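Just one chain is shown here, as structure tokens, and it is the form deposited in one PDB entry.
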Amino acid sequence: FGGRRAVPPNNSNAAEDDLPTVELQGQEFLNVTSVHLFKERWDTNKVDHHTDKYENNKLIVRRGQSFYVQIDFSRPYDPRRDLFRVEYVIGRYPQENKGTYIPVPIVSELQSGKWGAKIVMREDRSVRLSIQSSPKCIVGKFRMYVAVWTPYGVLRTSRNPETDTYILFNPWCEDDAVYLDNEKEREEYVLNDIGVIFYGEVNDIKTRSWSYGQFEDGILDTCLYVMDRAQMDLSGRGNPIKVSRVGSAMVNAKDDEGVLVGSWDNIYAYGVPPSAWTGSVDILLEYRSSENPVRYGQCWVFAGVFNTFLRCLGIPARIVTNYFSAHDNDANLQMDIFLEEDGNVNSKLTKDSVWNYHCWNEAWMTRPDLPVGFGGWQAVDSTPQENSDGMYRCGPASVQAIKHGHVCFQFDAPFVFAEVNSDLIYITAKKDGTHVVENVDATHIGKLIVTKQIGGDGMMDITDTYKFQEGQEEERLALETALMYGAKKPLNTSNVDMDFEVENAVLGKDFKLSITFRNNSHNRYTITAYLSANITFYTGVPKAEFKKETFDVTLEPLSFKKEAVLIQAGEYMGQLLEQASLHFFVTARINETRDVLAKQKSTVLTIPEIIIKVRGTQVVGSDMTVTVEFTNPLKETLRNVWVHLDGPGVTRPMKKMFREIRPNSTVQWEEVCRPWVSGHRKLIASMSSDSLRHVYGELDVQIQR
């Protein structure tokens, strides 16, 4: 029966069927008294399988590589008469024909990516086997069984939870689609459980530590759960393309199904402010416990969690930050800024905004579905936007296909290309109704694309990977290729340059904006410059113009002219937004030639960090007293200040709350931690109050045995 299908869909890793202990059709053939899977952290298996790190008790192993087991019999194994095989099965509806029920026959010698087990040793009543997974095996928690074969059918062991084995992806294996050439990278992109996230803006790149915590207790299990909550067919869990294509779509709770509820409202009603999270562990576990979407997240929190996901299952992955990101490009390689007849920027017609920065993920894998050469890193943005399917994540999009405008290849390529390679067009909206494009800034969007380096906390410029150099046959042709493969370029694109340098200030200080015109030709010009200063979210969405100023300049031929504006703290203070960012529009009009000059910059105000100092024994198992101090920089009282602490391997994420803090006051929070991991660890603190927020801190600790 079924109608639709003989056997229901096998799409849960938790669901299980029981296998018959005996099933004959038509007793001393051998019987198992015990099975030993050399698990143990210190032991052979886990260490050689790089799984020795997980805070987990069952045996964890990576596909395509051989592992050890010993089977204890009720009598010596006689190769002349006995017969058996090890079994591994996943889900309620196993099926050999779909890698969900796996035989593993004992073999003379193990072959290239084929399941098999070579008998390696025989004692009195014990056989030591060397079992080999296939490099294409599904990933998930399998059930183990030993089946003795009688000529009348089989006798097999019974449900034993202690023998469940986990098979993860294998970056160290030459045949795994997710294979990585060398240890440095593998260590970093897979084994590292801490990363730095780059925010701020290009001329003042800021960083903060994020805990991936992929080896903490429960996380490996939550990742299987996420796939289960997505009803992911088990037969597809061995495909990294499909894992990232499905796992990413689960990150953003459309309605209420995914992991996180995205919110950029600066209020965050009944949830945690995206800026408070110190890492992935809290979220993922909190999701598991409620089976409901965690609130709230924004692009970096979605990218953090997804990076934990990928690495935890064994897929090499890293977060990437793009500076001046054209999110919601809809494949349009242009951003429209509208100007009034008198040079100003039309506050009403300009509803499109460039993000100060926008992070996304990159996952390493091959691309058997695309032509040769498009393997390597794949861009996967889990912050939705309208693509072909309409308003979902994008990717895996081949990073190499992006750099060459080869946007005819899946998945979601035009939307990442246009995120990183699109121009700003300045248009004048005439009082009668027409529009004319003044100039185009082809070097503002995608200025800098960066990621944390293999060494330590330093940044790595990865801009050349997404694009060539603006103004070279290369960048020009890639741009043309993308145009024929559906990248939209709607509008077809007086020697007086001018630029302005804002001087990065501290939260609460007055600072300056220094405009500089340089009349390059041989004429005396009369210009009318206009300065527009707006308070904004990091996404570029404005909240208010807090400073408007217009001024005339009489430039001398071949000379120059500098104009310094002074921004007093009081003009902005009362209405800043979370990441304390401001945007500046500087437009000038040369009434002689009618040529227009426009420039825009973003600046994020600086705030002093949280202090973390350790006081104790930096030895695993021994106590150390962690101290976190914060000093209210503002001249007003902070209330309901939630301090946070984390550091995978040192402590579990904790959070304390202070009813209030008077201005210029300081608070200390002593905490005794019991470091369970040895080596270079790191603490992480974060702060968020009803007023001030998006304030972090970190310390690097050295813990040994």
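Just count from 1 along the sequence shown to find any residue number.
Below, we refer to the form deposited with a partner chain bound, which is not included among the displayed structures.
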Original post:
Counting only heavy atoms and a 4.5 Å cutoff, which of 211-219, 350-358, 523-531, 449-457 contacts the partner chain in the entry with it bound?
Top reply: 350-358
Original post:
Mind checking whether each of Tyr296, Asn307 and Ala379 has a heavy atom within 4.5 Å of the partner chain in the entry with it bound?
Top reply: no
Original post:
For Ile612, is any heavy atom within 4.5 Å of the partner chain in the entry with it bound, or not?
Top reply: no
**OP:** Look up in the entry with it bound whether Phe324 has a non-hydrogen atom within 4.5 angstroms of the partner chain, and give yes or no.
**Re:** yes
**OP:** Could you confirm whether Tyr199 comes within 4.5 Å of the partner chain in the entry with it bound, counting heavy atoms only?
**Re:** yes
Original post:
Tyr466 near the partner chain in the entry with it bound, any heavy atom under 4.5 Å?
Top reply: no
**OP:** Check each of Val272, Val226, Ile102, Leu424 and return the one that places a heavy atom within 4.5 angstroms of the partner chain in the entry with it bound.
**Re:** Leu424
Original post:
Quick one: of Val345, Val146, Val628, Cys137, which gets a non-hydrogen atom within 4.5 angstroms of the partner chain in the entry with it bound?
Top reply: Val345
